[PDB]
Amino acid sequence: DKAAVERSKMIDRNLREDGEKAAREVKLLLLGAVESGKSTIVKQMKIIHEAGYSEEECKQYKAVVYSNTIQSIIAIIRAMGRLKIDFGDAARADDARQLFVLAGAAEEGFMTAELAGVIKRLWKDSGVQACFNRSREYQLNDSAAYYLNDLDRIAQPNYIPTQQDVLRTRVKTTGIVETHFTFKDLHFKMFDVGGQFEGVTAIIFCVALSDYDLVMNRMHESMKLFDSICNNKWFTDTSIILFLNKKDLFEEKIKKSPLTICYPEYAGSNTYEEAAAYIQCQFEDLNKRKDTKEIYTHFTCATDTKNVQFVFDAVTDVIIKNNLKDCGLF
């Protein structure tokens, strides 16, 4: 392989007594709007380049999974009111109340066969499904459907959250979060600064593809942010990687939502292929120094480990082929 040969022409470890034991380092900054997938990418590095999440670890996320599910159903139910949606069967109107009774009596996330029932019956309702399917009209968790459909398993008294349950969680992050992991004998120091560094090695910029029909426009606020980044002088010598994330939700959304909601001038077919290609182009086009700087775009499903591993392996080769010389030995 070419990246292997590239690595091989370095002579800097020879300048260190025990240089063959030295640590080559890669400072990687993770950027993107809130909920673009940054924290999930961080968890996937744990999962892929470390042990991941142990049973004991996953167990710590149970109330978060419960918290997420609860918030998800309450958001849909509360939406029905503002959107004026009727329950498919008006018996549900009594469970809706029960949801607020059970939720309104706890400080923390929980699950009971009782609550499980109320939520199952509500989720199964046509009117609720009608509200759910109109989610671009209100604030709703991305994993809402994921959890809601697996209620039975999640509800089980002796339920243990899977790694995926852990990756699907929405957790309030505050501050920079730094993760260290080794991949290909490269010691990465990964920094997630939150959607809210003059010489970083590479930058992975996350974009939630599914935010397109969310109705300044969401997609455009991310475009505005990516413009600032890839064009910033500090990042001139930094590998700019673009993760057009949530391709799974976008694949299912573009089916019934037109890209024109986001890009009014879009005239291509409303297909996953053309619509996604358009978005990439829209972003890579913000690059001023095209002659000089290249943007590395990858369509990702951050909650899909295989995809993230595949994509990260690719991302990593680009760093070796393009930035190793700027990478220090410690």
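All residue numbers are counted from 1 along the displayed sequence.
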query	finding
Between neighbours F197 and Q196, residues that the deposited sequence lists but the model omits	10 or more
Chain break class at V215/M216 - deposited residues not modelled	4 to 9
Greater mean Cα temperature factor according to the PDB record, 166-174 or 238-246	166-174
Greater mean Cα temperature factor according to the PDB record, 266-274 or 37-45	266-274
Identity of residue with top Cα B-factor, from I77, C206, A90, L148	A90
Out of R24, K9, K321, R13, residue topping the C-alpha B-factor column of the entry	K321
Third of the chain's Cα B-factor distribution that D317 belongs to, per the entry	middle
Chain-relative CA temperature factor third for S210	lowest
For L140, the third of its chain into which the C-alpha B factor falls	lowest
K290 by Cα B-factor - lowest, middle or highest third of the modelled chain	highest
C58 by Cα B-factor - lowest, middle or highest third of the modelled chain	highest
